[PDB]
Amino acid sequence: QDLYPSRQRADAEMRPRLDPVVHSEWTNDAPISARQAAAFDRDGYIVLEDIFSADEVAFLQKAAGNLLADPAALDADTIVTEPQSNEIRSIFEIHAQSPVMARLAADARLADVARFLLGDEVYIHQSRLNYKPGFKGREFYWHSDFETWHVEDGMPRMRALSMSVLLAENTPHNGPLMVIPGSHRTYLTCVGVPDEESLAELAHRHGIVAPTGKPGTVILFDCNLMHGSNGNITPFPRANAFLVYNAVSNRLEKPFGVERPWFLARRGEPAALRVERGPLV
């Protein structure tokens, strides 16, 4: 019933993973190589480079800039801010509010990878446009998306993946997203923040890797990969579009816990995203 119980005991447990990581057999029809599929299964993430042209990247950058500079045009429920100061930090449900980001989510070069890896038709569980500025950028502490999606949102199986489309450069120096490769095969229960000893254990066994890339690079990770990021004192901002794909067969149920606002998760009984091909501009 609850295959992945968390926030119930007082102590923390490392339970095994009971879902595949790659939900499809590999063949020459797959949108990715055999080695990339194997890397995903083993590490829980992979990095796609050079899949969008220079113009498409400039287009997506240009577009994100406009969204971020124009909060009057959008649903106030979806905005996240520097409190106080009036600075836009995130925008949820951009895939619904932005015809450009809607088209991004549906691009084959992303959606076909997700349908393969998730071995199913897919829909967006959540989307974000994110801007971490220079000088004053916060850390996001270590967490597993799935642990929250399960407990708070009712996502029942590890059958989803996040896609982070970089829009500003990630150097090693400006708090790029950091992962613990392999951590996706352990479900770490929370007493919802993971605990120091477990975290240390994972990082000692597996190490840390913080993949970088020029704008337009795409970082894909399993829903249960343990990840996070340092702050950023540099003048160089971080900005990405964050897209979470879920298998349609893995639709949300009632939360495995006590309750979460609509813009954080499509609770609905949703339908398959329709893949679009050819360039963006």
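One-based numbering along the sequence shown.
Exercise. From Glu259 to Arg260, how many deposited residues does the entry skip: none, 1 to 3, 4 to 9, or 10 or more?
Worked result: 1 to 3 residues lack coordinates between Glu259 and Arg260.
Problem set entry | Between neighbours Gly192 and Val191, residues that the deposited sequence lists but the model omits | Per the record, 10 or more deposited residues are absent between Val191 and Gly192.
For this session: Mind pulling up the entry and telling me whether 69 to 77 or 117 to 125 has the higher mean Cα temperature factor?
Result: It is 69 to 77 that shows the higher mean C-alpha B-factor.
For this session: Output the stretch having the higher mean C-alpha B factor in the entry; the candidates are 100 to 108 and 82 to 90.
Result: The recorded data point to 82 to 90.
Exercise. From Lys136, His143, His206, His184, pick the one with the largest CA B-factor in the entry?
Worked result: Of the candidates given, the C-alpha B-factor peaks at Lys136.
Exercise. Which third of the chain holds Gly228 when residues are ordered by C-alpha B factor: lowest, middle or highest?
Worked result: Middle third of the chain for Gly228's C-alpha B-factor.
Exercise. Relative to the other modelled residues in the chain, which third contains the C-alpha temperature factor of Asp50: lowest, middle or highest?
Worked result: As the PDB entry reports it, the C-alpha B-factor of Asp50 lands in the middle third of its chain.
Problem set entry | Relative C-alpha B-factor of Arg42, binned into the chain's lowest, middle or highest third | Tercile = lowest for this residue's CA B-factor.
Exercise. Going by what the PDB entry lists, where does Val218 fall on CA B-factor within its chain: lowest, middle or highest third?
Worked result: Its C-alpha B-factor belongs to the lowest third of this chain's values.
Exercise. Lowest, middle or highest third of the chain for the C-alpha temperature factor of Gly175?
Worked result: Its C-alpha B-factor, which the entry lists for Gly175, ranks in the lowest third among residues of this chain.
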